[PDB]
Amino acid sequence: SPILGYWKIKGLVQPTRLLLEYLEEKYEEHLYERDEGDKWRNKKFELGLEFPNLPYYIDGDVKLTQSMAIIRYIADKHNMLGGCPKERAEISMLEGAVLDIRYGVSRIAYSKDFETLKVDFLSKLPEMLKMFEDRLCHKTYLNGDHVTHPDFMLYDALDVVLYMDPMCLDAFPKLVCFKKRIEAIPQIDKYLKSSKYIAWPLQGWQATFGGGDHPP
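Regarding the overall build of the chain
Looking only at helices and strands, the chain features eight helices and four strands. N-terminal to C-terminal, the α/β element order of the chain is β-α-β-α-β-β-α-α-α-α-α-α. Compactness check: the chain gives a C-alpha radius of gyration of 17 Å against a globular reference of 17 Å for 216 residues, within 12% of the reference. Summarising its shape, the C-alpha atoms of the chain cover approximately 50 × 45 × 30 Å along the three principal directions. Taking all contacts inside the chain whose residues are at least 6 apart in sequence as the whole, residues at least 24 apart take part in 61%.

Okay, here's the thing in structure tokens:
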């Protein structure tokens, strides 16, 4: 049974967690609580990781770090990255654009000047969301009729930008849909209602946005 190690927050591993639950693939988590920053530094180097860091994935001497290398791995272990250069690169471009939103959030989330920075993020956000609304025109999931990992990435992003601005999607009902659709997938839906689901925080507890032990 593979092992996924990370903070007990959505952060950088939420997409991955979904994917795993989607493929009903069994695994165990090493969850680091808010006040366990030591326990980690205690094991940071006794895991045999070539690039100690969080999150980490480990099973039969497959030692990985870097949320993207990880997620892609689980994906690849199930032939889901693409069937050729073109479709593989298309799926990577989705990866990129989704992170340009998920990350946009986190880089201005730990700032003490969040409350005035989000304003310029939310103004740009439309143009970013739009591109996804189009991609989703005549398609069920990005990149086709079959679910890919970037669909779980966009879902996390969406879920996170809605906390920042409950109305960011009203102008994109096609995304509001895509979101309910994902939540409809039996495995996923069963998960969100399960005990293993980490509802909060979104970022590191210290973060201004999506921080704190419980949502406001």
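Considering the UniProt feature "binding site: glutathione" in the chain
Following the UniProt record, the feature "binding site: glutathione" maps to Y6, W7, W40, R41, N42, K43, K44, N53, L54, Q66 and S67 here. Relative to the helices and strands, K43 is located in helix α2 (residues 37–43). When you line up the elements, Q66 lands in the loop between β4 (63–65) and α3 (67–76).

What about the sheet that holds strand β3 (residues 56–58)?
With mixed pairing, four strands are arranged side by side in an open sheet as β2-β1-β3-β4. Across the chains shown, the open sheet's two edge strands, defined by having one partner strand only, are β2 (28–32) and β4. When the angles between neighbouring strand axes are averaged without regard to direction, this sheet yields 15°. Relative to β4, β3 runs antiparallel, the two sharing three bridges. When the sheet's bridge partners are listed, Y56 is paired in β4 with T65.

Examining the packing of helix α4 (residues 85–107) against helix α6 (residues 149–164)
As a packed pair, α4 and α6 sit with axes 9 Å apart at the nearest point and diverge in direction by 10°. The angle between the axes of α4 and α6 places the two elements in the roughly parallel class. Contact with α4, carried on its side by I91, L94, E95, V98 and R102, involves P150, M153, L154 and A157 of α6 and no other residues of that element. Its residues placed into classes, the contact of α4 with α6 shows seven nonpolar, no polar and two charged.

With respect to the UniProt feature "domain: GST N-terminal" in the chain
According to UniProt, the "domain: GST N-terminal" feature falls on residues 1–82. Segment residues 1–82 splits into 32% helix and 20% strand. End C-alpha atoms: 25 Å apart.

Side note on the pairing of β2
Strand direction decides the pairing type here: strand β1 (residues 3–7) and β2, joined by five bridges, are parallel. In the strand pairing of β2, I3 is matched with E28.

Thoughts on the pairing of β1
Crossover β1 to β2 through helix α1 (residues 14–22) is right-handed. Bridge analysis of β1 against β3 gives three bridges, and the strand direction is antiparallel. The partner of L4 across the bridge, within β3, is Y57.

Points about unusual backbone geometry
Of note, the bond from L54 into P55 is cis; its omega dihedral lies within 30 degrees of zero at 0°. Relative to the elements of secondary structure, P55 occurs in the loop between α2 and β3. Cis rather than trans, the peptide bond between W200 and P201 has omega equal to 0°. Along the chain, the position of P201 falls in the segment after α8 (186–192). Positive phi is not limited to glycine here, since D61 has a value of about 60°. Mapped onto the secondary structure, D61 falls in the loop between β3 and β4. For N143, which is not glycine, the phi torsion reads 55° and is therefore positive. Note on placement: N143 falls in the loop between α5 (114–135) and α6.

Calculation notes
- Residues numbered from 1 in each chain as written, not as in the entry; some residues may be left out.
- Heavy atoms only, no water.
- Residues with missing side-chain atoms left out of burial classes, pairs and counts.
- Helix = DSSP H or I, 4+ residues; strand = E, 2+ residues; numbered from the N terminus.
- Rg over C-alpha atoms; globule rule 2.2 N^0.38 Å.
- Contact = heavy atoms within 4.5 Å.
- UniProt positions renumbered as here; feature names shortened; annotations may be inferred.
- Pairing = 2+ DSSP bridges.
- Axes fitted to C-alpha atoms, helices over the stretch in contact; angles between N-to-C directions.
- Parallel < 35°, antiparallel > 145°, perpendicular 65-115°, else oblique.
- Nonpolar A, V, L, I, M, F, W, Y, C, P; charged D, E, K, R; others polar.
- Right-handed = clockwise from strand over helix to strand, strands pointing away.

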